[PDB]
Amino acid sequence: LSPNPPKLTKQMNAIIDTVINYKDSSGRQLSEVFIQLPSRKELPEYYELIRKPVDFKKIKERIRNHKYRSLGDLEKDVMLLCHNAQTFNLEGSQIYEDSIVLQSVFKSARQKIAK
């Protein structure tokens, strides 16, 4: 487990920062609830359903520790976060709608920072 080049870690961090810092037109940070999973004691129901839990804390850690070897590997963990939130909280929940917007903000940020 050897280090990614500096320019790739600079790319990854700037994409995730955009997603995390994104505010909507009302002025609300959509990432807020996605920073940190609830614990298995708080909400066992989440862990009976979701096989591969992940939050933005873990995604920032996986950047620091060079576990993502491509912008592609990063996207997969973010899409997974957003799909887990969609699977658990179903269509019709604010948190499902928030996760959809964040998928879009991610792809939009990676399109700008891969230029």
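Start at 1 with the first residue shown and count on from there.
> Out of 49 to 57 and 25 to 33, which one has CA B-factors that are higher on average in the deposited record?
Replying inline: It is 25 to 33.
> Comparing 90 to 98 with 14 to 22, which stretch shows the greater average C-alpha B-factor in the deposited entry?
Replying inline: Of 14 to 22 and 90 to 98, the stretch with the higher C-alpha B-factor average is 14 to 22.
> Looking at the C-alpha B-factor of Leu71, is it in the lowest, middle or highest third of its chain?
Replying inline: For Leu71, whose C-alpha B-factor we compare with every modelled residue in the chain, the answer is the middle third.
> Compared with the other modelled residues in the chain, in which third is the CA B-factor of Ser39?
Replying inline: Ranked within chain, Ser39 CA B lands in the middle tercile.
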